[PDB]
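Here are two versions of the same chain, shown separately as structure tokens and labelled structure 1 and structure 2.
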Structure 1
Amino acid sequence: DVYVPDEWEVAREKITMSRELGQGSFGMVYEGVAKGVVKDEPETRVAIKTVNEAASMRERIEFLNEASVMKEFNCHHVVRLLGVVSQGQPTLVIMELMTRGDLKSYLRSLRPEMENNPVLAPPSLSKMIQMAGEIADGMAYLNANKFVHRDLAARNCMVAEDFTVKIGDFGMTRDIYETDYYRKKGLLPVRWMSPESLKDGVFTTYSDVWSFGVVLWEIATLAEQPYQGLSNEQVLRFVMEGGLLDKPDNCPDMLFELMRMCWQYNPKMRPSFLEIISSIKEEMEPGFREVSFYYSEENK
């Protein structure tokens, strides 16, 4: 296996890194500035994925080919790959910057602090619906491109500066969420998995819809752990036997009703991501018609 440089190659001179954001799968992720990566933008604030100085050539090749999966997507609700610096070292992958980080961390940041200070009220139905439709739009685009996500969860969704939610860069493991997985024999996100995936290990767009339902439950609970009082082994049994997550405290009816459609035991009875969008399109912000996959000419 090798990495072939292409049209995504960017001159290192156009790149500058500043704030370290945190550890990625192959090395440190930094915030920075990239020249000439976005049309009509002389400079753009970007995320820069790097490979640690010590890493082998085999590993930096894998990092490049793995990151390269993102090259085929062009969706407003999917985090964009903007360039690659494969020539010389350090090896860089230039990504769209999502200043508010992953959705699980963003939702947890909205929890009231244990102090006597004023606090912003929990997100409104309208704000939660906006998040749902953006996530469902990114997922509808990914399904239209013949992909199955297999790890749809708030931790794999990212939040932009303007609060837009997008399907995150693939395989960006935040070590803080390692307990959201369970090895049974690969490491799997059992609390987000459909009953049919828990039985045979097969994932489809219908099991992504199931996970989307768990994502809504994460938004309504501010990312509590699904099935909190149950062990990883107990979760498998409960969900395969028809068990469901409870309606969160103060969850608006419409949002729980959407969760219930996603958690129908028979995968064929769940709605598709497009049907999900159709049902909430009237609740979306004006701009949704201009940027979404749902309203684009691509949706045929």
Structure 2
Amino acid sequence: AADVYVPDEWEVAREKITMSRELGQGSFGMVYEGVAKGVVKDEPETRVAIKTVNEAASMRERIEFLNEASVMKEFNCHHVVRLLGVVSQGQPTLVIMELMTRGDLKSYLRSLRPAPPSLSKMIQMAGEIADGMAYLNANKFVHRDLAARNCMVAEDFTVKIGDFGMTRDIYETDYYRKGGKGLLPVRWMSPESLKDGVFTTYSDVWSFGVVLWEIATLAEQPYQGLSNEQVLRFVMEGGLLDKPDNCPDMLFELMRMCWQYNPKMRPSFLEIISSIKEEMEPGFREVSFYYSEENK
């Protein structure tokens, strides 16, 4: 008997992947743009993103890397970035993913600053993100680091849920580190996450509210002008982000619902999609988790 990563149908021969450029570093190591052969059915070649570890010599980072990639093997949603494969045998350890050609949502939103995104465009982004999150929550996954920087933009401008590795510790389920060296995205965090480190579908809804505010401000810094320590206290004392200039009333109203102090008073992602579904593009019905037979 053994409890090591076991190569499966997701394993890809090393010789079938080439890297061509740097895309940037989120969790773990550099992400590269490249090409993988035989990863998509009836495509000989596929443009892909290829993720590495940060520290070559760390077996623990290696195992954690692969455990986190294995989580994605379960996901099949138009609004979540897809896993395409894994190179686990020998070094370097590689994770092969759907290439999101327009980069991260935060960088995208910043690029639109000098007309600004129309309400309809904003709603469309919101519903796509909420749909991805509804799928994940329905599959018992709590993202914990939802933020524009961890949503990704497709060639066709579809927003999809991305990097969830930044705040996952290797030992967390069995062991606690006293005090805590853990990374905490405080400006995106619910009062109960700030208080006790509790992360649920409800705290993901809180972060979603902050992503809406990022969309409406074109990725201004939430609580700009407060330190990290000041944000933590401010939000735990019931502080809220202000309504952005020229924010459509309906969007701010959504933020307000997501930012109920008590987690049980917050909408679910399904309830958010429900409230905005009529303002989504017609194609949303055909690609969404919300309208799929999985949504039961």
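We call the rigid core whatever largest set of C-alpha positions still superposes within 1.5 Å between the two forms. Residue indices: 1-based, along structure 1.
In a rigid core superposition between structures 1 and 2, 35 is the single residue of 35, 260, 247, 237 whose Cα is displaced by 2 Å or more. Once both forms are fitted on their core, a CA shift of 2 Å or more is seen for residue 9 between structures 1 and 2.
When the rigid core is held fixed, the Cα atom of residue 278 travels less than 2 angstroms between structures 1 and 2.
For residue 226, a C-alpha deviation below 2 angstroms is recorded between structures 1 and 2 after rigid-core alignment. Once the core is aligned between structures 1 and 2, the alpha carbon position of residue 288 differs by 0.5 Å; this is the C-alpha shift at that site. The rigid core superposition between structures 1 and 2 gives a CA shift for residue 68 of 2.6 Å. Core-based alignment between structures 1 and 2 gives a C-alpha movement of 7.9 Å at residue 52.
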